[PDB]
Number of protein chains: 2
Amino acid sequence: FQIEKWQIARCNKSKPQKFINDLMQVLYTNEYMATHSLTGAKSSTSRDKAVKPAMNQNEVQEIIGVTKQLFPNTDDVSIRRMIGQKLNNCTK
Amino acid sequence: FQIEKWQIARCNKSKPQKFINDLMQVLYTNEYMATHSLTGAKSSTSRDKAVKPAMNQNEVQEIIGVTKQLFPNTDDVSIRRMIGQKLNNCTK
DNA sequence: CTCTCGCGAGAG
DNA sequence: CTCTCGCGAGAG
């Protein structure tokens, strides 16, 4: 798995969260994003038995890598929170 | 309320979260930080009746301003999450 | 204390 | 969908 320039070309480049939101929407379905978390961890505040499974970590790192080259002043942990925020955008 | 250089001089300058953690520890008690949130909002996941009151928003903005001048590549919303993380560091 | 990170209400 | 932001387990 490698993100291609034709996928990046279709994404907002003004702000990293806007870039991640578009790029994630290019790569993944709303249903996929609604039912996955970044890491597959159980939430400290979930009483629910069911836990969302993780994203593919190779895909995570490709997304971070592409984002880091467009937004080199953004750190790794910030981009990880941006991915999590986009997944959460798909859960209402 | 104005943060002075003698307060900033005592803080880690390598990373913004480390700078915020030190600066907050210079300004505030552990008990204060344990019992306040950034905004005073009720948590979506709190079943507790009791809600932590907000920080003084003039103090928040002075902290953000000092941080922004040391870490100009850090955005406003990131620094706000860093303040929240330091408050949370004092709650165990 | 410290960091990470899924939750989810509420406002848009 | 989107952002903000307090929670808090678990690992350090």
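Placing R0 at 30 angstrom, the Cβ-Cβ distance between B:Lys92 and A:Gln25 gives a FRET efficiency of 0.20 after rounding to 0.05. Computed over segment A:5-89, relative contact order equals 36 percent, with contacts defined as Cα pairs under 8 Å that lie 6+ residues apart. Translational diffusion of chain A, estimated by Stokes-Einstein from the Kirkwood radius over alpha carbon pairs at 4 °C in a medium of 1.567 mPa s, is 95 µm² per second. Each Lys and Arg adds +1 at its Cβ and each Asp and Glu adds -1 at its Cβ; summed about the Cα centre, the protein assembly as shown shows a dipole of about 300 debye.
When all alpha carbon pairs of segment A:1-55 are counted in 10 Å bins from zero, the resulting P(r) reads 21, 41, 27, 11, 0 %. Computed across the protein assembly as shown, the Kirkwood hydrodynamic radius from all distinct Cα-Cα pairs reaches 18.6 Å.
When only the Cβ of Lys, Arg, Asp and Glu is charged (+1, +1, -1, -1), the dipole of segment A:33-92 relative to its Cα centre reaches about 360 debye. For segment A:15-87 and segment B:15-92, what is the separation of their C-alpha centers, rounded to whole Å? If we compute the Cα centre of each part, the gap is 25 Å.
Between B:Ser14, B:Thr67, A:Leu38, the Cα set farthest toward the positive side of the dipole of the protein assembly as shown (charges on each charged residue's Cβ, about the Cα centre) is that of A:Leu38. Here B:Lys86 is the anchor, and the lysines within straight C-alpha reach of less than 24 Å, apart from those fewer than 8 places off in the same chain, are A:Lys42, B:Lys5, B:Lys13, B:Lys15, B:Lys18, B:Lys42, B:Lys49, B:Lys52, B:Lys68. Between B:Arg80 and B:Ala50, the FRET efficiency estimated from the beta carbon spacing at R0 = 22 angstrom works out to 0.45. Rg/Rh, computed from the Cα trace of segment B:34-88 with Rh as the Kirkwood radius, has the value 1.03.
As a convention, Cβ positions derive from the backbone with ideal geometry for all residues, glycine included, and neighbour counts pool all protein chains shown. A short reminder: the numbers here are calculations on the coordinates, not readings from a lab.
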